[PDB]
């Protein structure tokens, strides 16, 4: 009654950048409210129109684990004290953040804090931020997990049992980090299941898990639901093969992250009907997966209404980071920029917009304020958005944004972006040796990628001539596509931006970075 419910709905690798042509040529599309004219997302568009659209939402680290970490903590990913992260980055060494950060079992996170405030907390979908040591055991199918062949048939009773068993372990482990419920979970991505048949997205499976959570909330108790999609992450649902979409709408709805099960999803359209509707509206059939999702969000809104809690629920729709033009795990705009809308009938006026710089670190301090939490242990980097949400604040709430990905750090203002890349000791030694780096599919390279992941580095560098430039300065008014390095043309401005970067770097104890902070 006094505390609003929060439903946080997150897609995976979905830029806000619209694709202004009928064939998207291997790119994701954003929602209709982001300006894509080729999609059909009416429920989500109406939620956005009847709430607040943020046109300059960013993430501090544009790669899955790091973005998710920040979302659920309010802190920069470079502050993680996760077990794997600290083994890679002992005190006194620079950090190289990628998919290697996790929630710490004895530190604050949003879910733990909301539980202390009296919220029932629920988790559905993709994690990527819990127990990376256990993730390694999942990938290798080591105890406590059970093993199966990559080509195994999940209808096979012994195989189905193994995959179900592995899914139950993650449900239990996720609830050690502040959740009262966890179901429809993925430890990481579809890849890490190592099974061809279940290497498919399943909107319905996770949606039913979400609705089951909402059903079990007592009507007078506040709740928080973290609803984390796999879509449209690789293998992308839009991939057309033999006239079909085998990773999305034409996959078997019986295959899911827990194996095989014939569940009743008749409260959603059939997958065929989804495709039929998009084709009838002369919208892009490759991206019918967005309408598939729209209906799932529609079922959530229907359930909230039926329970009489819709008007006092804050629904957030966003993505963890972009992947436009292979700019995932870079500090270019196709990684940083994400869709963001917020809908809350009793707290946000409709037809609202905010164009100031906001960041994923802002979600936790915002929700904490709405939940009446005033005492936290771990310092928060983000800012509460509640004055923006209430329509009181129409100015910028910060002078600049900070970013970090692997060997790269960056800052941006409204009009300028600065990126610095500085090498770890191991990379620097290979560079000194004159030997090339062993690359993805034999694409060896002279200089390090920002990240250790050679697949991401290969794709991020392939059509980006400036990728390896150690100092990059872009004017966002004369060069929105970031094709012209002004570092040597505007040295005074570069120095001004370096000051802003240093102000953020010095807040990470025992973390050097090139000549900014010496080892």
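Residue numbers count along the first chain shown, from 1.
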38-46 versus 62-70 - which carries the larger mean C-alpha B factor in the record: 38-46
Between the two ranges 440-448 and 192-200, the one averaging a larger CA B factor in the entry: 440-448
Most elevated Cα B-factor in the entry, residues 456, 52, 473, 57: 456
Highest-ranked of 337, 432, 229, 381 once sorted by CA temperature factor in the record: 432
Residue 26, C-alpha B-factor rank within chain (lowest, middle or highest third): middle
Ranked against its chain, the third holding the CA B-factor of residue 306: highest
For residue 510, the third of its chain into which the C-alpha B factor falls: highest
Cα B factor band for residue 160 (lowest, middle or highest third within the chain): highest
Third assignment of residue 12 from its chain's C-alpha B-factors: lowest
